[PDB]
């Protein structure tokens, strides 16, 4: 199990993905997602120039030692580029270990805790009516849970995000959003009733007392979660929200370390932690985050956008299958070309994922095919207030 080769693959079958592959002397290989949307080449360089050369000759079986070696050894700790590189290595090594054990990853983690993995779909429209049409469409596809978003009247742009080479510039009004958003949830409940799980993503745009107000306003509609209410580098930002509303709260897709959320969890300021495998240091780190969360009744809600590759999604479905405190798994379907580049054995049926049974995380990469889709630069948008203030997107 000594590592004989390690290298990145960069491909764009609909959007950019970076993948790390590790091959052992025996021939067993593993892959890990290394995709960091809008900053992809920073991780590619971090891996190619600084991590990959140190992997050669290491015992691929020493997952924990390698994690600590890269985490502590980098000297400069944490961060999106850093932890994504570490996650890619970690995910490839767990893939290798599961293959060596002859087991699908969920078995190696402690076995199945559930028979299937509940997902939610994105439902978006310009008007509230447009959004309701999308909800109906997804309910018919078997989704038990939908995230709803609609345009704000008076505002040209509200939350494939990486649509432009350079960042697109959106304009935002908090006050108009706060008055309009509760109407969307009222309308969803009027048309679809109470059994549907309804989620909403605030996408970082509020202050705490504004989020508190929104949380209260939407209590009658019993949302599954209100996500990313406020920027949370200062974790105390959640406190006012939690003290003022019983609407459940989700946060953390932009986090990369347990140290970004330890206090959020221990103070019981959130209900769902959203940090995913690719950005949160892989299986090794996320097991620890999920276990900490479990002590405080917090459940997992992994970020699952198109900009995490099928490698992440497969591993996430395995993790979701084992973890006791599973909440929900986001599903944004990849393109057919992306699915072809990353063959996999996870299945989607009746609104749920089912883990694969192949040894490993069940995902591979077709390198020859990946090479036919060259990288194309694409950046995430930015958001400005009406006066031009650079805001949170």
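Numbering follows the first chain given and starts at 1. Take the two forms, superpose them, and find the largest set of C-alpha atoms that agree within 1.5 Å; that set is the rigid core.
Divergent stretch in 8 other deposited structures of this protein, 250-258 or 71-79 [C-alpha RMS, superposed by the core]:
When 71-79 and 250-258 are compared in 8 other deposited structures of this protein, the bigger C-alpha shift is seen for 71-79.
Other PDB entries, at least a third, lacking residue 305:
No.
One third of the other compared structures is the cut-off here: is residue 155 left unmodelled in that many or more?
Counting only entries that model residues on both sides, residue 155 is unresolved in at least a third of them.
Unmodelled deposited residues between residue 221 and residue 222, binned
Nothing is missing.
Comparing average C-alpha B factors as deposited, tell me which of 321-329 and 46-54 sits higher.
Here the higher of the two C-alpha B-factor means belongs to 46-54.
31-39 versus 343-351 - greater average Cα B-factor per the deposited record
Comparing 343-351 with 31-39, the higher average CA B-factor belongs to 343-351.
Per the entry, which of 262, 191, 287, 78 tops the list for Cα B factor?
The listed residue with the largest C-alpha B-factor is 191.
Residue selected from 94, 296, 143, 225 by maximal Cα B factor
If I rank 94, 296, 143, 225 by C-alpha B-factor, first place goes to 143.
C-alpha B factor of residue 366, ranked within the chain: lowest, middle or highest third?
For residue 366, the deposited C-alpha B-factor lands in the middle third.
For residue 172, the third of its chain into which the C-alpha B factor falls
Its C-alpha B-factor, which the entry lists for residue 172, ranks in the middle third among residues of this chain.
Quick check on the deposited entry: does the C-alpha B-factor of residue 149 sit in the lowest, middle or highest third of its chain?
For residue 149, the deposited C-alpha B-factor lands in the highest third.
Can you work out whether the C-alpha temperature factor of residue 244 puts it in the lowest, middle or highest third of the chain?
Within its chain, residue 244 is a lowest-third residue by C-alpha B-factor, going by the deposited values.
Would you mind ranking residue 185 by its C-alpha B-factor against the rest of the chain and naming the third, lowest, middle or highest?
Its C-alpha B-factor belongs to the highest third of this chain's values.
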